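Novice:
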Amino acid sequence: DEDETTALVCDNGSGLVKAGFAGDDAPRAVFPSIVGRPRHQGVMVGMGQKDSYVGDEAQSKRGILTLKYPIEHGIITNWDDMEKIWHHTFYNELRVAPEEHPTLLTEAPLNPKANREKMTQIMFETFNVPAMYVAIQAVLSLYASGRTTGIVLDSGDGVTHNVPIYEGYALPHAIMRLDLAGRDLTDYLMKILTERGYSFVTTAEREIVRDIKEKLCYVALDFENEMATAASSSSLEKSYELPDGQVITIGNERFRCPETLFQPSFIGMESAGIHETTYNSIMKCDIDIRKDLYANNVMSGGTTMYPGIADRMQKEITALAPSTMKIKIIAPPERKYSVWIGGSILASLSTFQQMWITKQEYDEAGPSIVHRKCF
Amino acid sequence: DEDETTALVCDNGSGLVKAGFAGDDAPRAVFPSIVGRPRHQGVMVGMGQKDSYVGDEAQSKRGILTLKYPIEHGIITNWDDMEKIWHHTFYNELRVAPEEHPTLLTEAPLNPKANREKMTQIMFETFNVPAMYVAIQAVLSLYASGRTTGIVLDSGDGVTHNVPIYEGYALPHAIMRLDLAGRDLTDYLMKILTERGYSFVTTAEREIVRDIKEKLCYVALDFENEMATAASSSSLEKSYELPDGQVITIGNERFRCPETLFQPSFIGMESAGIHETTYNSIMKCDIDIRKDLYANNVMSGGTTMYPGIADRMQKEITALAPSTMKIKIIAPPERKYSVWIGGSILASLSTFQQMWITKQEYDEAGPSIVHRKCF
Amino acid sequence: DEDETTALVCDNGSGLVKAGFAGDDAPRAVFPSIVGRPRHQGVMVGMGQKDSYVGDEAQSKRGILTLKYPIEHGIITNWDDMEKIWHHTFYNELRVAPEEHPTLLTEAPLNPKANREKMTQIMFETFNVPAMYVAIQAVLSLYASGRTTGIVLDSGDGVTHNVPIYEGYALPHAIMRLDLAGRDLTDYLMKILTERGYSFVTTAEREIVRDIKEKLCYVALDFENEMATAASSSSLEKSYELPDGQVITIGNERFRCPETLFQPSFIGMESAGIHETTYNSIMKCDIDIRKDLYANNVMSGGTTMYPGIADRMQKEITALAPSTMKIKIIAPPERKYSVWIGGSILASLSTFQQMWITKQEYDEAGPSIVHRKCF
Numbered sequence: 422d423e424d425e426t427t428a429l430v431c432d433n434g435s436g437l438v439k440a441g442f443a444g445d446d447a448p449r450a451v452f453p454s455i456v457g458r459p460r461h462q463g464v465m466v467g468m469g470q471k472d473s474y475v476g477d478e479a480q481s482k483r484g485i486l487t488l489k490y491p492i493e494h495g496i497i498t499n500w501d502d503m504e505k506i507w508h509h510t511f512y513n514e515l516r517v518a519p520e521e522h523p524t525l526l527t528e529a530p531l532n533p534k535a536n537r538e539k540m541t542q543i544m545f546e547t548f549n550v551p552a553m554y555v556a557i558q559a560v561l562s563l564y565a566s567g568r569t570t571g572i573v574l575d576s577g578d579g580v581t582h583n584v585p586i587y588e589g590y591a592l593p594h595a596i597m598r599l600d601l602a603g604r605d606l607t608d609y610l611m612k613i614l615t616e617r618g619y620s621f622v623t624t625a626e627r628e629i630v631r632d633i634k635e636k637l638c639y640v641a642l643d644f645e646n647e648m649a650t651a652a653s654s655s656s657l658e659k660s661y662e663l664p665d666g667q668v669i670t671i672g673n674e675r676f677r678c679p680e681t682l683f684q685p686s687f688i689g690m691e692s693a694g695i696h697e698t699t700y701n702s703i704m705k706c707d708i709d710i711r712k713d714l715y716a717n718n719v720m721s722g723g724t725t726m727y728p729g730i731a732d733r734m735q736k737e738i739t740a741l742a743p744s745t746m747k748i749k750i751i752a753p754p755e756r757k758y759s760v761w762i763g764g765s766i767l768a769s770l771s772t773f774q775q776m777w778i779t780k781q782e783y784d785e786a787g788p789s790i791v792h793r794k795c796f
Numbered sequence: 422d423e424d425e426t427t428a429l430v431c432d433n434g435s436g437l438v439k440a441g442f443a444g445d446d447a448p449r450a451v452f453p454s455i456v457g458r459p460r461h462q463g464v465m466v467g468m469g470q471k472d473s474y475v476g477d478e479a480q481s482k483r484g485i486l487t488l489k490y491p492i493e494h495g496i497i498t499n500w501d502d503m504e505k506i507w508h509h510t511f512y513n514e515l516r517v518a519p520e521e522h523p524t525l526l527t528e529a530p531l532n533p534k535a536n537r538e539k540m541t542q543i544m545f546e547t548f549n550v551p552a553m554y555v556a557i558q559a560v561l562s563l564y565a566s567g568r569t570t571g572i573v574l575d576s577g578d579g580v581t582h583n584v585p586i587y588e589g590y591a592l593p594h595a596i597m598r599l600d601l602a603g604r605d606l607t608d609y610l611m612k613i614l615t616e617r618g619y620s621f622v623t624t625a626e627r628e629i630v631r632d633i634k635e636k637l638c639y640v641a642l643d644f645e646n647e648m649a650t651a652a653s654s655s656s657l658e659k660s661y662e663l664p665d666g667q668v669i670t671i672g673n674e675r676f677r678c679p680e681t682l683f684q685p686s687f688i689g690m691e692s693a694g695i696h697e698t699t700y701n702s703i704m705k706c707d708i709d710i711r712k713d714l715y716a717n718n719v720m721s722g723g724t725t726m727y728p729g730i731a732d733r734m735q736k737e738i739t740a741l742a743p744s745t746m747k748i749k750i751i752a753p754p755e756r757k758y759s760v761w762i763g764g765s766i767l768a769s770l771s772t773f774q775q776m777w778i779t780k781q782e783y784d785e786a787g788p789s790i791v792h793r794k795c796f
Numbered sequence: 422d423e424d425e426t427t428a429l430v431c432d433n434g435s436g437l438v439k440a441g442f443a444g445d446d447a448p449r450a451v452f453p454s455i456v457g458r459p460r461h462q463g464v465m466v467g468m469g470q471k472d473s474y475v476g477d478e479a480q481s482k483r484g485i486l487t488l489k490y491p492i493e494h495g496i497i498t499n500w501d502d503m504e505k506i507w508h509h510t511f512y513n514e515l516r517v518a519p520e521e522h523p524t525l526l527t528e529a530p531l532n533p534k535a536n537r538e539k540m541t542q543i544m545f546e547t548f549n550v551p552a553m554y555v556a557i558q559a560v561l562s563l564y565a566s567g568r569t570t571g572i573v574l575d576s577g578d579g580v581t582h583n584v585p586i587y588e589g590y591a592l593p594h595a596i597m598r599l600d601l602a603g604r605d606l607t608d609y610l611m612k613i614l615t616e617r618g619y620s621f622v623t624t625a626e627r628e629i630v631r632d633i634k635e636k637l638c639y640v641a642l643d644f645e646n647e648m649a650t651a652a653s654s655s656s657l658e659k660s661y662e663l664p665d666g667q668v669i670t671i672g673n674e675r676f677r678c679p680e681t682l683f684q685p686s687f688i689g690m691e692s693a694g695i696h697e698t699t700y701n702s703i704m705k706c707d708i709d710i711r712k713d714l715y716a717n718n719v720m721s722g723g724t725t726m727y728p729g730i731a732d733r734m735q736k737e738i739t740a741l742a743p744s745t746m747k748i749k750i751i752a753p754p755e756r757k758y759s760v761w762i763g764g765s766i767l768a769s770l771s772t773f774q775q776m777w778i779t780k781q782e783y784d785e786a787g788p789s790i791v792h793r794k795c796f
């Protein structure tokens, strides 16, 4: 803010990319993370007002774009289209030069070592940004929620991580990476459909599977109790019309898919569901740490959107843990965008200075600097 | 035969249609799959001893036939001419009534739902065939080979499939379709030729492009290594004169087209060439299958017809995959007809009892019978 | 041999399972202790030649298997895969029926009540074995060493125990269990590396850390003196190249990791190291027993494998313990396998018969039989 280190905020999420100024309630420019290259070349018949297709203009008219995804799962296949993406982001809708103001970015949990310096290198050395920082996705949520201690589960849509939080910042040991997330459930559902006879192999119908799950699917109170229920037909089979060709009936699979977070055995993971993994991180921390960790439990992300994810967690948690303190699960009305919300709040507040990384700080210790200050 | 279920084998594919009886090791009748109706027409002036033009007599004449192609990419646009095609197939060269003997047919991979029942309807209802079955094209090839292990890459000519095989039938989950195939190369060569200065837009010269490619074209050991070699004009440019009235000099382009099978970037595909696609299919189908798959990889169809196809695969495969097992490429002397050869053996053998569909099984499970029995 | 006992010897160890006949110099059949199920489902394409993957054949494929470990901390998570493991052990390489001959098994110290009987139940009632015994791991090592009294430290890999031994057998009261061991050191090394800038979160690099530690690591003599030495780069930093693409420099950390064995303070636990706990076990024991205990000290297991481990013990032990008697540390040329090289002597020998537990005795006494004959 006016030759101040503050930080303009860009969230690099799987669905859309949100960017804007520090100290502002909502993002300015929003577009899909895709960059166009030719798909059926033939040669250039003519070019539609630009060399490469990037952002909102590209998605609306589709076609030429190969639907190349620079960012997914937190990992980037090709850096070259990225330079164009930030160009569209700052110059076209923000209407401000990146050189003039500070930049804040969101850090996907357990991201590769190469990416932090590479992302930073483009903005400082290439475009001369006065300062910039990449924020920890899990840490931001805790301050936004208004709690100073606990355990936070936070997934943007790409990956899911369990990060315990203490008065001091958490370090690698306790934190674990989980492969179960909301996008995963959409992919998982197609796999189960195979036994009756329904298949959606191509990306054209990929969107449809996602649509089916959020409007009609729900989370079973207990999978073991309701399995017996599936023999009869009433609640499990519901008539639904898909606009394109045929009727689809889904019963047991509607709840079988959501059941994945609590029952990983069907999908194929060694680790137990989300409630079991929560116990592991809390247990190995320092002994005075535990009493206020249990009081605050935070559930967030796309996979917690279902009709009652929060209710299941309380029964199970109290059985294998100490009974000397309150157990409560906190789930905000809009936990899915809790990731984005924390980042905007950080920009607004000046408490954020201890947390961030300076350009000079990167070469004092080298490429290992991101690990040194954050997880 | 006479009443035993056995089989009559008729193969509908991208080149020619082969028909015969089970227990027989060679085809009885072969003709191109084309049916003719008037072209310029002018109403009618008489009949050329054939109401509709079908089979071997038709192709030699050319001229009158519309060159209507009943089968494209595994999909048939018009079924009315189909009835005539089988009429020529069984009644003339075979000299046996379809009504009298059971029929075995070949299934084009990832074929549309409408076609299985439609094909079945023509035989059992219209012509009263005692029994029939449709067999999956990738599965048949492995038995002719005699191998009980190995991966089969097979293309009729129209399409390319990377279906996994383990002495059984594989589900839709592990099978991929590729838009890159042997007929494709013939079409591709005209497309690339446009930058150089040659055009073959009309259908009259469509046949000619194929002829150029098979006799003189070859597959470069490494495209990256020989690009430099292009400047020297000795091996690359050969003087060939086309029978009609033009001279065509082809150099870099002769191997540039073959190069397409291993380097899709010039054509315009997001996926990597056939060797990479093989890795994609191998990772997903089953890990334990891999040790025996690399040793026994099989290349078949029009695509692998060009000399030197087997050697390139050996160098490329070891770079992105495990190095704990033997690497060899197996291409039989007549891999182009490998699809048909395997099918005859299944008809001949009594093992196929578990694997086939009877005349009233279709009625018992309804239109959904094909899906119930096979993927 | 067939008529009476003699007894087969099977050691259920940390990395390999050894089985064989009595009176034998070495074990007959050895394989890794792992059982596989499908890792990523996608049901089955063909079959990997077995319903379940067990032993040496299973390890070679290593991909499709779930890497489920039947033995951890001397505790078995799932009994069902165990039945298959013994099936491979006796029928495949021994080429003798378990039913025909008696079985001897190694007992992990301070093991759960359920396990002795459960292990016994499978072999007797399920397979009708004539006789089966489980031996005390700490007791066997002492006889192999040829010493009748002393303090024995023995760790296979999973756990570390300090059990003092007198002319008569020891009982729970004067024995201790430690969670710090040789496999722990492999895990421990990753935790320290965080300060320098190296992190290996995944299991793929887990194996690599183990490789680093045994070839170059050593155990520092008096840690407090050596910290000043840390400034000098001649001994602490060595250049070593990792096969997968990274450079690893280990200095202070190479000796600091082994240090944890003697200095628990760095990790954050209030549990004392091996030399302090040695004092604890001896103090508990009767007053006229200590003088012969101090003269002979036995060190064994993975922990004592590193060069220079024996010398440190002499200096440290006398500091907090009495100085009125000779202090000597005895380490055999091979102590890692000392666990296994104990059971063989008291298996081959006829004397061992009085010590063991047999079929009828288990039923006659009941669930209390393990306690009745052993501490």
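Protein chains in written order, with our numbering: chain U, 422 to 796; chain D, 422 to 796; chain G, 422 to 796. Backbone N, C-alpha and C fix where the C-beta goes; we use that ideal spot for every residue, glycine too.
#1: Quick one: is G:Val475 near chain D, going by C-beta distance under 8 Å?
#2: Taking D:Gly603 and D:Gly722 to be in contact with their CB atoms under 8 Å, please state how far apart those CB atoms are, rounded to whole angstroms.
#3: Which of the three DSSP states is assigned to D:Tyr758 in this structure?
#4: Closest to G:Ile572 by CA distance: which of G:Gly434, G:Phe442, G:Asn583 is it?
#5: I'd like to know if D:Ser702 contacts chain U, where contact means its C-beta is closer than 8 Å to some C-beta of that chain.
#6: Indicate the three-state DSSP secondary structure (helix, strand or coil) for G:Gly484 in the structure shown.
#7: Does DSSP put G:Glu423 in a helix, a strand or coil?
#8: For D:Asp643, name the three-state secondary structure that DSSP assigns.
#9: Please work out which residues of its chain come closer than 7 Å, Cβ to Cβ, to D:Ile738, disregarding the five sequence neighbours upstream and downstream, and give them in chain order.
#10: I need the straight-line Cα distance from D:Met503 to D:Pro519, nearest angstrom please.
#11: With distances taken between CB atoms, is the gap from U:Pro753 to U:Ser576 smaller than 8 Å?
#12: Counting along the chain, where does the beta strand (DSSP E) carrying D:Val451 start and finish?
#13: Any chance the segment 424-441 of chain D sits against the segment 778-795 of chain U, with 3 or more Cβ pairs inside 8 Å?
#14: Please work out which residues of its chain come closer than 8 Å, Cβ to Cβ, to D:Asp432, disregarding the five sequence neighbours upstream and downstream, and give them in chain order.
#15: Using DSSP with H/G/I as helix, E/B as strand and the rest coil, what is G:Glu662?
#16: Is the beta carbon of G:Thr670 less than 8 Å from the beta carbon of G:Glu662?
#17: If you count every other CB in all the chains shown that lies within 10 Å of the CB of U:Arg483, and 16 or more means buried, which is it?
#18: Does the beta carbon of G:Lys489 sit closer than 8 Å to a beta carbon anywhere in chain D?
#19: Count the other CB atoms within 10 Å of the CB of U:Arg537; is the residue buried (16 or more) or exposed (fewer)?
#20: With a threshold of 8 Å between beta-carbons, can G:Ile485 be considered close to chain D, or not?
#21: What residues of chain U sit near G:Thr615, judged by a beta carbon separation below 8 Å?
#22: Here's a check: name, in chain order, each residue in its chain whose Cβ is nearer than 8 Å to the Cβ of D:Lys489, leaving out the five neighbours to either side.
#23: So if I threshold CB-CB distances at 9 Å, which residues from the segment 701-726 of chain D count as touching chain G?
#24: Determine the DSSP secondary structure at U:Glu514, reduced to helix, strand or coil.
#25: Step through the CB atoms of chain G and report whether any lies within less than 8 Å of the CB of D:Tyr587.
#26: Between which two residues does the beta strand (DSSP E) holding G:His582 run?
#27: Among the residues of its own chain, which have a CB less than 7 Å from the CB of G:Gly495, if the five just before and after it don't count?
#28: Among G:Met734, G:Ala535, G:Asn549, G:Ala651, which has the Cα closest to the Cα of G:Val719?
Specialist: Reading it off the structure:
#1: To locate residue 475 of chain G, count along the third sequence from 1; it is residue 54. Chain D contact via Cβ: absent.
#2: For the purposes of this step, residue 603 of chain D is identified with residue 182 of the second sequence, where counting begins at 1. For the purposes of this step, residue 722 of chain D is identified with residue 301 of the second sequence, where counting begins at 1. Yes, they are in contact, since the Cβ atoms of D:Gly603 and D:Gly722 sit about 6 Å apart, within 8 Å.
#3: Taking the second sequence and counting its residues from 1, one reaches residue 758 of chain D at position 337. Looking at D:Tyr758 - three-state DSSP - the assignment turns out to be coil, as it is neither helix nor strand.
#4: Residue numbering aside, residue 572 of chain G sits at position 151 when the third sequence is read from its first letter. Minimum Cα distance to G:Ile572 is reached at G:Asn583.
#5: Position 281 of the second sequence, counting from 1, holds the residue named residue 702 of chain D. No - not a single Cβ of chain U is within 8 Å of the one on D:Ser702.
#6: On the third sequence, residue 484 of chain G is found 63 positions in, with the first residue counted as 1. In the structure shown, G:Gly484 sits in coil (DSSP, three-state: anything other than H, G, I, E or B).
#7: In the third sequence, residue 423 of chain G corresponds to position 2, counting from 1. G:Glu423 falls in the coil class under three-state DSSP.
#8: Taking the second sequence and counting its residues from 1, the one referred to as residue 643 of chain D is at position 222. Coil.
#9: Start at 1 with the first residue of the second sequence, and residue 738 of chain D comes out as number 317. Closer than 7 Å at Cβ, skipping near neighbours: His696, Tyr715, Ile748.
#10: Stepping through the second sequence from its first residue, residue 503 of chain D is reached at position 82. Stepping through the second sequence from its first residue, residue 519 of chain D is reached at position 98. Going by the C-alpha atoms only, they are around 15 Å apart.
#11: Along the first sequence, read from residue 1 onward, the residue named residue 753 of chain U stands at position 332. Along the first sequence, read from residue 1 onward, the residue named residue 576 of chain U stands at position 155. Contact flag unset, no.
#12: Position 30 of the second sequence, counted from the first residue, corresponds to residue 451 of chain D. From DSSP, the beta strand (DSSP E) with D:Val451 extends over 450-453.
#13: no
#14: Within the second sequence, numbered from 1, the residue matching residue 432 of chain D stands at position 11. Only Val438, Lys439, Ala440, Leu526, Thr527, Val760, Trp761, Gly764 meet the Cβ criterion.
#15: Taking the third sequence and counting its residues from 1, the one referred to as residue 662 of chain G is at position 241. It is a strand residue.
#16: For the purposes of this step, residue 670 of chain G is taken as residue 249 along the third sequence, with counting starting at 1. For the purposes of this step, residue 662 of chain G is taken as residue 241 along the third sequence, with counting starting at 1. No, they are not a contact pair.
#17: Sequence index remark: in the first sequence, residue 483 of chain U carries index 62 (1-based). Exposed, because fewer than 16 other Cβ atoms sit within 10 Å of the Cβ of U:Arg483.
#18: Translated into the one-based positions of the third sequence, residue 489 of chain G becomes position 68. It does not; no Cβ of chain D falls within 8 Å.
#19: By 1-based counting over the first sequence, the position of residue 537 of chain U is 116. By the neighbour-count rule (16 or more Cβ atoms within 10 Å), U:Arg537 is buried.
#20: Working through the third sequence from its first residue, we reach residue 485 of chain G at position 64. Yes, its Cβ sits closer than 8 Å to a Cβ of chain D.
#21: As a working mapping, residue 615 of chain G is identified with position 194 in the third sequence. Here the neighbours are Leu592, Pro593, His792.
#22: Start at 1 with the first residue of the second sequence, and residue 489 of chain D comes out as number 68. For D:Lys489, where only same-chain residues beyond five positions count, the Cβ hits under 8 Å are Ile455, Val456, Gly457, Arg458, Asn499, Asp502.
#23: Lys705, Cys706, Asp707, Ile708, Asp709, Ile710, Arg711, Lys712
#24: What you label residue 514 of chain U is simply residue 93 of the first sequence in a count that begins at 1. Residue state, collapsed to three classes: helix.
#25: The residue given as residue 587 of chain D occupies position 166 in the second sequence. Yes, because at least one Cβ of chain G sits closer than 8 Å to the Cβ of D:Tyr587.
#26: Within the third sequence, the letter at position 161 stands for residue 582 of chain G. Its beta strand (DSSP E) spans residues 581-586.
#27: For this step, residue 495 of chain G is matched to residue 74 along the third sequence. Only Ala529, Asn532, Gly579, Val580 meet the Cβ criterion.
#28: In the third sequence, counting from the first residue as 1, residue 719 of chain G sits at position 298. Answer by Cα proximity: G:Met734.
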